[PDB]
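**Q** sequence, then structure. It's an experimental one.
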Amino acid sequence: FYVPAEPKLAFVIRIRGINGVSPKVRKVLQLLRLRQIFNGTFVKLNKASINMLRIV
Amino acid sequence: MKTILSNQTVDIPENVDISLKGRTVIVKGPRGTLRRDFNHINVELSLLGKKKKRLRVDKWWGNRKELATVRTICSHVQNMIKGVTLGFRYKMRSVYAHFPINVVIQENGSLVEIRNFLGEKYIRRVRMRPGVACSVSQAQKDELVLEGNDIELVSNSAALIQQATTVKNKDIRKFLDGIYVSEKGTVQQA
Amino acid sequence: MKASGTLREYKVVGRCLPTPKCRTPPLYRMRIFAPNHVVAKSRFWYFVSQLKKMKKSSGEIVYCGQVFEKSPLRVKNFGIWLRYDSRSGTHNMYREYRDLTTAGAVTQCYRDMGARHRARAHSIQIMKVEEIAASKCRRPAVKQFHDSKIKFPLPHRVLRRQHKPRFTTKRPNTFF
Amino acid sequence: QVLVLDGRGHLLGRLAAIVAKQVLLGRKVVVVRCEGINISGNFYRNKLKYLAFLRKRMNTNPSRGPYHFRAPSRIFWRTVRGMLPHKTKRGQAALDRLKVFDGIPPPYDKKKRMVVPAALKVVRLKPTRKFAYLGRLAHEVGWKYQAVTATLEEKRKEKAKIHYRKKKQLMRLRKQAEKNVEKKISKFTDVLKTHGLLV
Amino acid sequence: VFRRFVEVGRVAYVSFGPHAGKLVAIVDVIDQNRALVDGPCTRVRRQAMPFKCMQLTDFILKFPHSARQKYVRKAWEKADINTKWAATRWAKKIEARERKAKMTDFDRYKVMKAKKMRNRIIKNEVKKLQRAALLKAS
RNA sequence: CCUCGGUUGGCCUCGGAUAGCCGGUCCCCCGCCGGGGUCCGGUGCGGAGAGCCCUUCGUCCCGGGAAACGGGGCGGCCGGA
RNA sequence: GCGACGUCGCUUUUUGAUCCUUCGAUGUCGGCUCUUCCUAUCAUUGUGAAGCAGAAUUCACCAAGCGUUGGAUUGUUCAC
RNA sequence: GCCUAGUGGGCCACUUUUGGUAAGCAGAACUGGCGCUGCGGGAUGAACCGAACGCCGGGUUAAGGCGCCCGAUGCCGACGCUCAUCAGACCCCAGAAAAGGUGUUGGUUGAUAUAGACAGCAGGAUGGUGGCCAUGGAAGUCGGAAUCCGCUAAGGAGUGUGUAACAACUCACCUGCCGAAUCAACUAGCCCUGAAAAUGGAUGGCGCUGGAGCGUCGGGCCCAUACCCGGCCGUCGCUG
RNA sequence: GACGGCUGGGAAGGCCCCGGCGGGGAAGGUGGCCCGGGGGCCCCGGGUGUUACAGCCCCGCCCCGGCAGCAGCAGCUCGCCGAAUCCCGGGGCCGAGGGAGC
Ligand SMILES: [Mg+2]
Ligand SMILES: [Mg+2]
Ligand SMILES: [Mg+2]
Ligand SMILES: [Mg+2]
Ligand SMILES: [Mg+2]
Ligand SMILES: [Mg+2]
Ligand SMILES: [Mg+2]
Ligand SMILES: [Mg+2]
Ligand SMILES: [Mg+2]
Ligand SMILES: [Mg+2]
Ligand SMILES: [Mg+2]
Ligand SMILES: [Mg+2]
Ligand SMILES: [Mg+2]
Ligand SMILES: [Mg+2]
Ligand SMILES: [Mg+2]
Ligand SMILES: [Mg+2]
């Protein structure tokens, strides 16, 4: 089996609104520059970034 | 489960001319003709064999409540066949304890006049279903004979007599008087 | 899993991450019936986490591929051994189906369980699906099609296209 | 301009939904033979549904309370009205576009009646499910003109058979006329056969 | 009395779906509402096809219930269903519907004039037969 | 002359069944031409609403087809709650 | 016909619990009068079951159509 | 860094949680809401779901839906289940349980089956034995202790009606027709019983049963002030 | 409308037992043979059995057999795609700005 390399680029789209967001999730989203619904950013993937996406 | 096919065939005698217009069955014998309709069931009625020897009933793609209506049609057509060949004779007996039940038959055997059922002055008038002959049997003291070709009219008329001679406001296990269906046979034996 | 559309069967092979203790971990193969490979890999981690002490973080997936049917033109009988949770209790079942594809058989099983038992796809675990010959079937709704000269009509042909005129003169024929 | 619908064999709500949409889209609708409308479910169930309708009245003044019409025409009319927005001017005009009848009255007995296969009993019900008759339900709840409607309907049907036998005589005369003139219409029949209007 | 039965070898006419307007041979039945069909001469691949979209025809091939596409084509081209289907009134009133669909405006004008004549030539002789009935009924 | 407006060719009609229908037919059997058994066709309804009817730019010459029993229009009889 | 030891409910014709509405005011007990509604039916209609022989009485079903009184004592509801 | 208004009655929800039989009850934690806030959806609605708002045009969506009210399935949508003489119909949420059903559908376990079953229709039910013990007598035929044999296809020292005790009759058991499945115990879906309140009545209504119901799913479509594009206004920033 | 990539370097399938020569097998059992009855030799039943007067499944290469073709001309047997991707056409809404110079 050839296992491909784990991907290093992710495109993240915020799909919920700005209403009723818990403050940890809201903080990670503004650190991800996703402050509107349907805003998109490219995120490079490592353990620190994947654990933030895991929060949100 | 939808069973793909339930069929049952009925053998038809030489004495009987049978016909079908869709899901009505027209049975012809020595004693007359019987029509019964079956459009409430949605089956296939096939009339197979030349000289019309077997009547076959099919139910395609039926659940249990639709499969149960195949043998019902076959038993109804069989009862019509024995109605036109041998007839139906329901022999009722009039059980009394102290007051003899006096039965008078009127209008060719189409009305029953029941008197002195438990010493009542009320006279019960039971009109027969059309085509059912009603008769007091000879060589037997308290008996009455119903004769016809439709079993569902002969037995309904017997039920009408039976539920007309009913005891009220007493214990019916002690007050056993009434006119009850005792024998179920044919008019003409074989 | 939400059993969306036609399921697809996936060979998903996974293993642990090679620690200095276990230099090469054993490899585990599972057939997952899933809408797509992302859901297939998630159900693989569900089942492997239930069977072994292996997680997605401690493990990896070395292969995930759709396994095509070798005879999608041949009518086969399928035996599916089932584990599901009702509202009270968990039950083992065995069910039998008839299809051309084992993925079609499993999605037929999922909709059939949803119909007959009000059970959703998250509460249903496939354990084994095997193509069974016609002699070894136990279900009469499958066994009634085991006839070489099979013959049935289509009795009460309901009128589809109920709105092609929506206002016609002639009442329809349902006998054909 | 008028959509005349034979009410026989139709289901009440399905026909009333389609009629309500047509009178909202601005088409005058006449539904004839409303005693022939069928209602799904067993007759005792439907009878107790209309009996529960009858039990409702204004407790202080039933003459102001809900009017339980007994004719099948007016019952079907009430179902279409409940399917219409009848408390606005568009709703009232939609209702006024709709005529309902018992039997087939003399404006519409010399007229072809339309049928809606999406509302028919034979299409819309499984053959083993038991249905009810609007005329029988209506009569048993208080409609008085069931028997006289039946007598006028057999009076209409026996004249409709006369019209039908004459129409059949005309059409067999039409067929003998085609085989008579198939020499001088053969050069015009081929046009209608090549463009698919005949065979 | 049913005449059209789903059986191995019945030609069915596909009413809707992607293979509408075509003829298939019923090769096997799978369950209550689906059959493995195969049209090897009408360009339909062997596939599961539901019963509600096929319409049964009065043509029955003889092949086994698991025989492959070439034996199906052997039976089809031995029975010549491509011409016997065309000889029926069913395919003729399909192609008449197709021709009335393909009518152009000049076609509709020529149809209107030819029908305008044919109806009047029939209509005079209809009344001629009617009064030839009344003059000979007395 | 005001005013209310909508509309932009008609369908002049079996009863109905839906595990069945439709149309012809006599050598029949019953009735006051109507009904049924027989036979012949039709049935993804083509004696088809996936339909039918009408179909219009107008006038002038001459010819062919179709019509002549016709086209247009004043005196009588039937047809309807 | 009952039914212990246990257990599941219903109802708001009991008293509680709570304090949501009303303190720029919703007239606070009884009885008299009068109308209507409910059924968990005492009687009457139709019924089934009894350790229902008859009579009487129980238990149950459809059932609220029609009835369910005159008085002594007490302000009484209740009670007798 | 200064000055500083208003506030210092709160309430609701997931999860945790104390008192209380419980409560639209009283009291805490965490976070989010409502208050302070319109909008699409939940028929209706302080708090639920979606989403937060300048004035507009086009497009698209979310959550919800698409028989008619009422925009949208008028798809030739898929596979089943289900009949209710009290059907069912969508978070909050607006009404039900234990128990029960040869209603109907599935599944589990075990037998009893072509070394031919299960009904159903008939036939045999034997001698030892009419058993010691009790009881007047009980002889398989009130009771308790005995529960073996053989000719066997079979028959228990007998499952029941028998009689003062018997005689009789009946059952198991074993054979004839018969020709493909059958019996039992459970379990889970829908439906039904359980299930009774007062003005007339509420899946929102009409109504719906080849669903317009329930479960699992597919295409398509509908539109919010949400998102994109564009206009216009203002504000802020670029200490432009 | 056209092109291409990948996969199990697609899976199945198509043509030349109609792939050749062998070896078997069993059934949702084809011919035959036997039984049974229903017609005017035929059909439907029940039994037996292994190719015959149908078929199915398991040197299979006798160069992955040899050819087509290939995520397939319907405008459908099952995908993910596009630096391994482009062309063409139609419908709707809008025209903000106003000294850019050469
Ligand atoms: Mg939210
Ligand atoms: Mg008494
Ligand atoms: Mg006040
Ligand atoms: Mg006041
Ligand atoms: Mg007041
Ligand atoms: Mg009661
Ligand atoms: Mg609190
Ligand atoms: Mg408080
Ligand atoms: Mg405040
Ligand atoms: Mg705020
Ligand atoms: Mg808000
Ligand atoms: Mg609501
Ligand atoms: Mg949420
Ligand atoms: Mg907009
Ligand atoms: Mg809505
Ligand atoms: Mg903008």
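**A** In hand now; what should we look at? Numbers count the residues shown, from 1 in each chain, chains lettered A, B, ... in the order given. Ligands and ions are numbered 1, 2, ... in the order given.

**Q** CA only for contacts and neighbour counts going forward, please
**A** OK.

**Q** run a quick neighbour tally on the residue lying closest to residue B:122 once chain neighbours are set aside.
**A** The spatially closest residue to residue B:122, leaving aside those adjacent along the chain, is residue B:115, at 7.1 Å (Cα to Cα, 6 or more residues apart in numbering or on different chains). Taking other Cα atoms under 10 Å in any protein chain shown as the criterion, the count of residues near residue B:115 is 20.

**Q** residues in contact with residue B:115?
**A** Residues in contact with residue B:115 (Cα atoms under 8 Å, 6 or more residues apart in numbering or on different chains) are B:101-103, B:121-124.

**Q** now those residues in a markdown table, with secondary structure, distance to residue D:5 and neighbour count?
**A** Below are these laid out as a markdown table (DSSP: H, G, I helix; E, B strand; the rest coil; distance: Cα to Cα, whole Å; neighbours: other Cα atoms under 10 Å in any protein chain shown):
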| residue | secondary structure | distance to residue D:5 | neighbour count |
| --- | --- | --- | --- |
| B:101 | coil | 62 | 21 |
| B:102 | strand | 61 | 13 |
| B:103 | strand | 58 | 20 |
| B:121 | coil | 60 | 9 |
| B:122 | coil | 56 | 10 |
| B:123 | coil | 55 | 13 |
| B:124 | strand | 52 | 17 |
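
**Q** longest helix anywhere in chain D?
**A** Here the longest helix in chain D is taken by residue count, with DSSP state H as the criterion, and it is helix D:147-181.

**Q** check whether that helix contacts chain C.
**A** No: contact between helix D:147-181 and chain C is absent, the nearest approach being 15.4 Å (criterion: Cα under 8 Å from any Cα of the partner chain).

**Q** in the sheet, who's paired with the residue nearest to residue B:122?
**A** When assigned by DSSP bridges, residue B:115 has beta-bridge partners residue B:102.

**Q** got phi/psi on the residue of chain C found nearest chain B?
**A** The shortest separation between chain C and chain B is 5.8 Å, found at residue C:141 (distances taken as Cα to the nearest Cα). In this entry, residue C:141 is assigned phi and psi values of phi -70, psi -20 (degrees, to the nearest 10).

**Q** can you count the residues close to the closest residue to it other than its chain neighbours?
**A** Among residues not flanking residue C:141 along the chain, residue B:1 sits closest, at 5.8 Å (Cα to Cα, 6+ apart). Here the number of neighbours of residue B:1 (other Cα under 10 Å) works out to 13.

**Q** so does the strand ranked longest in chain E get close to chain C?
**A** In terms of residue count, the longest strand belonging to chain E (DSSP state E) is strand E:23-31. Yes: under the criterion of Cα under 8 Å from any Cα, strand E:23-31 makes contact with chain C via E:28-31.

**Q** these two touch, right, residue C:37 and residue C:64?
**A** Yes: checked against Cα atoms under 8 Å, the pair residue C:37 and residue C:64 is within contact range at 6.8 Å.

**Q** mutual contacts of those two, please.
**A** Overlap between the contact sets of residue C:37 and residue C:64, as judged by Cα under 8 Å, 6+ apart, is given by residue C:10.

**Q** ok, the residue nearest to residue C:141 - contacts?
**A** With Cα under 8 Å, 6+ apart as the criterion, the residues that contact residue B:1 are B:63, C:140-141.

**Q** if you rank the residues you listed by neighbours, which is first?
**A** For the contacts of residue B:1, the largest neighbour count, defined by other Cα under 10 Å, is 17 neighbours, found at residue C:141.

**Q** assign the closest residue to chain C within chain A to helix, strand or coil.
**A** Evaluated by Cα to the nearest Cα, chain A has residue A:3 as its residue closest to chain C, separated by 5.2 Å. When states are read from DSSP: H, G, I helix; E, B strand; the rest coil, the local structure at residue A:3 comes out as coil.

**Q** distance of the residue nearest to it when sequence neighbours are not counted from residue C:26?
**A** In this structure, residue A:3 finds its nearest non-sequential neighbour in residue C:62, 5.2 Å apart by Cα to Cα, 6+ apart. Computed as Cα to Cα, to the nearest Å, the residue C:62 to residue C:26 distance reads 12 Å.

**Q** quickly find the element holding the most centrally placed residue in chain C.
**A** With distances taken as Cα atoms, centre = their mean, chain C has residue C:106 as the residue nearest its mean C-alpha position (1.2 Å). According to DSSP states H and E, residue C:106 maps onto helix C:102-117.

**Q** quick check: buried residues in that helix?
**A** Residues of helix C:102-117 classed as buried: C:102-111, C:113 (neighbour count, 16 or more other Cα atoms under 10 Å in any protein chain shown).

**Q** do a quick rundown of the helices in the chain.
**A** Went with chain A since none was named. With DSSP H as the criterion, chain A has helices at A:23-31, A:47-55.

**Q** meant chain C actually
**A** Counting by DSSP H, chain C has helices at residues C:37-51, C:102-117, C:140-143.
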